[PDB]
Amino acid sequence: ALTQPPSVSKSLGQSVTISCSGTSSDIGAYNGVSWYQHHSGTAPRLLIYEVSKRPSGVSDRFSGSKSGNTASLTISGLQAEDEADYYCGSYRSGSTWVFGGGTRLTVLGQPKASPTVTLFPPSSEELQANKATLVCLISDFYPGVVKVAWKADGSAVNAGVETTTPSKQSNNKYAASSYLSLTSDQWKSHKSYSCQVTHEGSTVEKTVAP
Amino acid sequence: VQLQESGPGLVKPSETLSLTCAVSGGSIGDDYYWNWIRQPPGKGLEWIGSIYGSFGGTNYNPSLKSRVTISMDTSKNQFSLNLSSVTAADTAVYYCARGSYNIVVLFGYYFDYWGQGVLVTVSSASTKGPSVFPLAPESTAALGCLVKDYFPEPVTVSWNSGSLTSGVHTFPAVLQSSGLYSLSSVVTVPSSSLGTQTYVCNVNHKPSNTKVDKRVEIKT
């Protein structure tokens with residue numbers, strides 16, 4: 001296919017170049033390499049076309065070039081926004097179209113942010129169906145790694161826990177959520193339940209009670 | 001100029017995946033390439049094929065060619081994708097995209113306008129509609145809705161029929177060991193507004209026709 005580095009890691013403010021190695025039947029047969037940016041939740045976004053042209057709306061910071069069968073995307077002045085997957089692609093003689101394998105760009109040096117934690121008890125109507133789901137919502141943290149601990153009357157709860165992989169919010173911090181699935185009997189059998197979120201060595205805890 | 005994918009969000013293994021793209025703000029019969037592109041969640045973009053608007057000729061990804069059909073309909077202004085004998089490898093967000101160009105023999109073409117994408121899950125698992133539970137509620141208070149145990153993705157949530165957007169946070173779904181999804185949506189509101197303003201989450205899980213507007217009130 002078209003070959004890209006799988007990962008590139010840089011720091012805020014710095015510049016990065018992503019390569020894209022094809023063949024003389026695509027990148028070296030046309031001036032027709034394009035580049036796409038992809039964030040989760042949005043269609044891919046066209047950044048560069050005809051090797052180096054920018055469509056309106058794409059910043060000055062993005063540029064493209066090629067040399068022989070390898071195309072290159074350079075992004076200058078890296079911001080938190082630029083963290084995304086980047087794909088090159090090209091028409092291929094004489095009839096098909098091929099994407100590069102993609103490059104995950106990580107931008108380091110972003111500000112640390114501690115999570116906010118919101119914990120809800122089960123609803124009345126769920127309880128009436130003899131179930132009880134506790135919902136621990138975790139938001140506005142960076143970097144995107146947390147450890148969640150559930151407790152019942154101060155004792156550790158391992159069963160019934162499911163926790164999401166963190167994903168980026170629009171404000172470029174992370175969110176995640178943790179669900180403790182119990183029966184209503186279980187819920188009523190304790191004085192309280194706690195959700196404890198540990199982020200970079202610091203812990204934020206919330207408690208609910210029947 | 002706009003494109004919009006539609007089709008079933010769930011297809012059983014070995015069956016045929018079908019999708020349609022509705023194009024607005026331009027004739028499909030014009031000198032454009034009309035393309036199908038997909039992306040399995042967590043994996044790379046893959047061109048499926050194209051149909052050329054002016055003459056109707058098709059070109060397909062060689063690794064898919066035997067299973068792929070692309071058609072177009074000049075009236076309705078649509079083109080569509082048929083992908084036969086699917087497997088879990090075919091689970092992906094499917095996009096339609098316009099391919100524009102200058103000269104092609106010198107420049108090939110590129111995708112300038114894209115649809116929003118439609119997730120298609122290939123699975124033999126049953127569709128299952130969620131239960132929708134209120135998450136009942138200081139100067140400020142968080143309240144929400146739990147959308148519990150559904151399949152497949154996605155579910156949409158808005159608040160007060162789309163008039164309340166400030167302070168809304170809808171969380172990505174958890175996938176439980178059961179194979180069922182759950183998600184929550186929360187809005188933070190002034191506490192003084194409670195008892196005055198009504199808060200309703202508008203939940204839609206189209207595969208199961210679960211369409212619920214749930215009022216969220218402080219527990220009594």
# chains A, B, ... in the order shown; residues from 1 in each chain; ligands from 1

$ interface_residues --of "chain B" --to "chain A" --cutoff "8 Å" --atoms "only C-alpha atoms" --output "ChimeraX atom specification"
/B:44-47,49,59-61,95,105-112,114-117,133-136,142,171-176

$ select_by_dssp --residues "chain A" --states "strand (DSSP E)" --output "ChimeraX atom specification"
/A:7-11,16-21,33-38,45-48,62-67,70-75,84-92,96-99,103-108,116-120,131-141,147-152,155-157,161-163,167-168,174-183,193-199,202-208

$ closest_residue --among "B:13, B:8, B:57, B:167" --to "residue 29 in chain B" --atoms "only C-alpha atoms"
B:57

$ closest_residue --among "B:100, B:20, B:220, B:77" --to "residue 118 in chain B" --atoms "only C-alpha atoms"
B:20

$ atom_distance --atom1 "CA of residue 191 in chain B" --atom2 "CA of residue 206 in chain A"
19.4 Å

$ residues_around --residues "residue 158 in chain A" --least-positions-apart "5" --cutoff "10 Å" --atoms "only C-alpha atoms" --output "ChimeraX atom specification"
/A:149-151,180

$ atom_distance --atom1 "CA of residue 119 in chain B" --atom2 "CA of residue 84 in chain A"
19.7 Å

$ residues_around --residues "residue 124 in chain B" --least-positions-apart "5" --cutoff "9 Å" --atoms "only C-alpha atoms" --output "ChimeraX atom specification"
/B:10-13

$ select_by_dssp --residues "chain A" --states "alpha helix (DSSP H)" --output "MDAnalysis selection string"
chainID A and resid 124:128 184:188

$ write_last_selection --atoms "C-alpha atoms" --output "mmCIF file, in the first residue's frame"
data_model
loop_
_atom_site.group_PDB
_atom_site.id
_atom_site.type_symbol
_atom_site.label_atom_id
_atom_site.label_comp_id
_atom_site.auth_asym_id
_atom_site.auth_seq_id
_atom_site.Cartn_x
_atom_site.Cartn_y
_atom_site.Cartn_z
ATOM 1 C CA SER A 124 -36.381 4.356 41.310
ATOM 2 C CA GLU A 125 -37.706 2.643 38.228
ATOM 3 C CA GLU A 126 -34.578 0.556 37.679
ATOM 4 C CA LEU A 127 -34.810 -0.629 41.295
ATOM 5 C CA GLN A 128 -38.410 -1.697 40.672
ATOM 6 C CA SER A 184 -31.458 -3.936 44.014
ATOM 7 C CA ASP A 185 -30.911 -6.261 46.990
ATOM 8 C CA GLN A 186 -27.171 -5.575 46.759
ATOM 9 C CA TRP A 187 -27.709 -1.805 46.568
ATOM 10 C CA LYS A 188 -30.030 -1.776 49.604
#

$ closest_residue --among "B:148, B:24, B:197, B:137" --to "residue 208 in chain A" --atoms "only C-alpha atoms"
B:137

$ atom_distance --atom1 "CA of residue 209 in chain B" --atom2 "CA of residue 97 in chain B"
28.5 Å

$ closest_residue --among "A:173, A:61, A:112, A:147" --to "residue 198 in chain A" --atoms "only C-alpha atoms"
A:147
